[PDB]
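Q: Pasting the sequence and an experimental structure:
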Amino acid sequence: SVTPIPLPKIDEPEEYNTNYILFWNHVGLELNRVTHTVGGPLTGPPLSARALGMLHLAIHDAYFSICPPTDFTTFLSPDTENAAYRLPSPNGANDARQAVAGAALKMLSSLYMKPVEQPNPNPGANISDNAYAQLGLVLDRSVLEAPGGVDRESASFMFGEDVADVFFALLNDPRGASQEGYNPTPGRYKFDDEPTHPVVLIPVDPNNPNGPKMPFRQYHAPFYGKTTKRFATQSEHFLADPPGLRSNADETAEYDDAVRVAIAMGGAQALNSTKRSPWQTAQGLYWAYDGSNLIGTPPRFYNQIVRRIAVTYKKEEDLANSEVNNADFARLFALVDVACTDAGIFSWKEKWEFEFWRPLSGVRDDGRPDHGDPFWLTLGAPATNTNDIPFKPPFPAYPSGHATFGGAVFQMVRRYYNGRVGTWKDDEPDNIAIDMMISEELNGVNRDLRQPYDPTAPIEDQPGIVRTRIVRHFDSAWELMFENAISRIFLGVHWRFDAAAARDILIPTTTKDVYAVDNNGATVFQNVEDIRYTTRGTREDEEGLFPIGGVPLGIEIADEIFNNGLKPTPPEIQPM
Ligand code: VO4
């Protein structure tokens with residue numbers, strides 16, 4: 001019925017998918033990239049993370065229900081009185097492979113299928129039937145490629161689907177990304193539609209693309225972080241007021257230097273004012289994954305990296321028949337993906353709370369003849385595998401979602417591997433190194449097209465400029481976390497403070513809030529080995545010191561989840 005979209009090859013050993021836990025993570029990642037290529041459900045950063053958090057939670061409890069863990073316990077218990085939180089019981093079901101399969105297939109089906117359950121109005125109603133059909137191909141195919149096969153008649157398989165139903169019913173946020181009712185309030189430091197993509201024309205009817213179109217101003221998930229059910233966090237998380245706002249409105253020198261730096265480090269390639277280096281351009285594009293065709297969102301890359309870390313540091317050589325390895329991955333991916341989910345909730349909550357402007361607009365609309373540049377252009381979020389120009393993600397700047405996701409994800413890996421891969425203090429540089437890590441943004445295959453993307457053809461048969469293939473080696477998760485955060489500065493899409501306190505990542509000078517520059521005028525960063533996310537700030541509405549930027553927020557979120565052992569967010573503290 002549909003022409004299957006030809007997906008490019010993934011840079012990763014085929015041996016990885018011989019382990020059924022990695023297999024299902026993989027299918028989750030394939031659905032992630034395909035929904036961003038066809039415009040289906042669970043698009044965007046916060047919600048694409050949630051989909052992975054829900055998949056792994058279900059896989060987690062189904063597996064540990066059949067092979068009970070020694071230290072921790074299942075996220076939900078079978079003995080809980082509260083129905084919503086009551087885990088189904090196996091009752092003789094004892095096939096862990098089939099329970100995971102049923103749980104992964106059910107969750108992924110429930111998440112990505114055409115909502116025939118009637119309740120689909122306005123939730124995400126703008127998805128064509130092709131989008132749905134393309135995602136169905138991925139689902140059907142996955143049943144066929146699953147290592148060990150899939151037995152739908154199996155009691156263990158049925159038990160798994162039962163597990164998924166509970167998690168879906170409890171944690172699904174059908175209308176989470178609703179933009180309905182939100183409109184920007186222009187003014188200094190205020191988020192508004194970005195000048196290079198002020199409005200978009202979208203077909204009136206998704207199932208009628210070449211028919212009429214209508215103007216559209218997109219605001220990504222403005223009510224989500226403030227209303228959605230948290231996963232495993234045990235408290236609300238907050239950041240300090242960004243420079244220029246509220247209690248930090250007097251941080252004039254900090255703000256102004258942030259403008260200077262923004263221009264020199266994140267401008268477009270050919271601008272005279274751009275002092276960023278070719279290598280720094282690489283670090284910026286490496287971590288993008290900005291909802292592009294055949295690429296998806298950041299959570300997809302974070303997982304690609306985590307899969308690599310898991311195989312490199314596994315306890316047993318056998319990827320196919322090792323319960324030790326199965327247990328390790330089910331636990332790790334649940335921890336990392338639940339942390340990613342919550343990182344997404346809180347970074348989005350803060351974004352829309354402060355509604356801080358993007359550097360493109362903060363620079364153009366500065367208003368001061370000697371400080372602003374009313375015609376500046378950023379390197380921008382790359383629109384890979386399209387023929388479109390770079391863009392500014394459709395949501396406020398503070399804090400950076402990438403920085404939060406990275407802080408959460410990599411702080412989780414560190415807490416998990418400390419003592420296994422090396423030894424270090426909780427908040428100090430780790431030993432978790434990896435090599436041969438390739439980003440899909442720079443793999444010698446993906447490209448910037450010269451004509452609109454053709455979904456019926458392989459990317460290699462489509463004219464455009466190919467992204468240089470860069471194979472990377474990283475010394476630690478600290479470096480991964482750090483580079484992922486500063487990547488948004490090189491792209492010009494985030495202010496330094498959206499990442500972390502300037503004081504924690506930049507080299508100071510004798511002038512306050514003004515950091516070091518080299519001869520060509522480029523910003524000098526602290527060595528990764530020396531970076532400590534310790535600089536806090538104040539809030540107008542709350543007492544005390546709070547972290548600055550996304551990195552500390554994510555770290556804080558991962559520590560809390562881990563220290564509590566992956567346990568539900570108490571309902572008493574859920575948004576109401
Ligand atoms: O979420 V960003 O918030 O890093 O372009």
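A: The structure has been received and is ready for your questions. Numbering: from 1, shown residues only.
Q: what about whichever residue of the chain sits closest to the ligand, how many neighbours?
A: Here the residue of the chain nearest the ligand is residue 401; by C-beta to the nearest ligand atom that distance is 2.8 Å. Placement of C-beta: from N, CA and C, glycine included. Neighbour count for residue 401, taken as other C-beta atoms under 10 Å: 28.
Q: what sits against the residue nearest the centre of the chain?
A: Centroid check for the chain by C-alpha atoms, centre = their mean gives residue 299 as the closest residue, at 3.4 Å. The contact partners of residue 299, taken as C-beta atoms under 8 Å, 6 or more residues apart in numbering, are 32, 45, 48-49, 52, 337, 340, 344, 405.
Q: Would you mark the buried spots in the helix or strand encompassing it?
A: Using DSSP states H and E, residue 299 falls within helix 298-312. By 16 or more other C-beta atoms under 10 Å, the buried positions in helix 298-312 come out as 298-311.
Q: same question, stretch 191-199
A: Of the residues in stretch 191-199, 191-195, 197 count as buried by neighbour count, 16+ other C-beta under 10 Å.
Q: cool, and stretch 469-487?
A: For stretch 469-487, by 16+ other C-beta under 10 Å, it's 470, 472, 474-487.
Q: Max pairwise distance over those residues: which two?
A: Taking C-beta to C-beta, the two most distant members of these are 470 and 478; they sit 20.4 Å apart.
Q: tell me the domain boundaries of the chain?
A: According to curated CATH domains, the chain comprises the domains 1-176, 177-576.
Q: for residue 438, phi and psi?
A: phi -110, psi 130 (degrees, to the nearest 10).
Q: Nearest residue to it in space, please, no chain neighbours.
A: With sequence-adjacent residues excluded and distances taken as C-beta to C-beta, 6 or more residues apart in numbering, residue 438 is closest to residue 11, at 4.1 Å.
Q: Just confirm that neighbour contacts residue 441, I think it does.
A: No - look at residue 11 against residue 441 with C-beta atoms under 8 Å: they stay out of range, at 11.8 Å.
Q: Neighbour count for those two, which is higher?
A: Shown here are residue 11 and residue 441; by other C-beta under 10 Å, residue 441 has more neighbours (22 against 17).
Q: And the next helix or strand past the host helix or strand of residue 46?
A: Secondary structure from DSSP H and E places residue 46 in helix 45-66. Going down the chain from helix 45-66, the next helix or strand is helix 96-112, by DSSP H and E.
Q: Work out the gap between that following helix and the centre of the chain.
A: 22 Å (C-alpha atoms, centre = their mean, to the nearest Å).
Q: buried residues in whichever helix or strand comes after that helix?
A: Heading C-terminal from helix 96-112, the first helix or strand you meet, by DSSP H and E, is helix 129-145. Under the neighbour-count criterion of 16+ other C-beta under 10 Å, helix 129-145 has 130-136, 138-139, 142 buried.
Q: What helices and strands are in contact with helix 129-145?
A: Helices and strands touching helix 129-145, by 3 or more C-beta pairs under 8 Å, 6 or more residues apart in numbering; DSSP states H and E, are helix 20-38, helix 96-112.
Q: Of those helices, flag the one that's most buried.
A: helix 96-112 (a mean of 25; mean count of other C-beta atoms under 10 Å).
Q: so it versus helix 20-38, what angle?
A: Here helix 96-112 runs at an angle of 20 degrees relative to helix 20-38 (axes from the mean of the first three to the mean of the last three C-alpha atoms, to 10 degrees).
Q: Export helix 96-112 to CSV, keeping only CA atoms.
A: Presented in CSV, the C-alpha positions along helix 96-112 are these (Å, rounded to 0.1, in the frame of the first residue of the first chain):
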residue,chain,number,x,y,z
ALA,A,96,11.7,-13.4,29.9
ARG,A,97,12.4,-13.0,26.2
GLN,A,98,8.7,-13.3,25.3
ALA,A,99,7.6,-11.1,28.2
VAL,A,100,9.9,-8.3,27.0
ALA,A,101,8.7,-8.8,23.5
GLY,A,102,5.1,-8.5,24.5
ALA,A,103,5.8,-5.5,26.6
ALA,A,104,7.9,-3.7,24.0
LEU,A,105,5.5,-4.5,21.1
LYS,A,106,2.4,-3.5,23.0
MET,A,107,3.8,-0.2,24.3
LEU,A,108,5.3,0.7,21.0
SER,A,109,2.0,-0.2,19.2
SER,A,110,-0.1,1.7,21.7
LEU,A,111,2.2,4.7,21.3
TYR,A,112,2.6,4.8,17.6
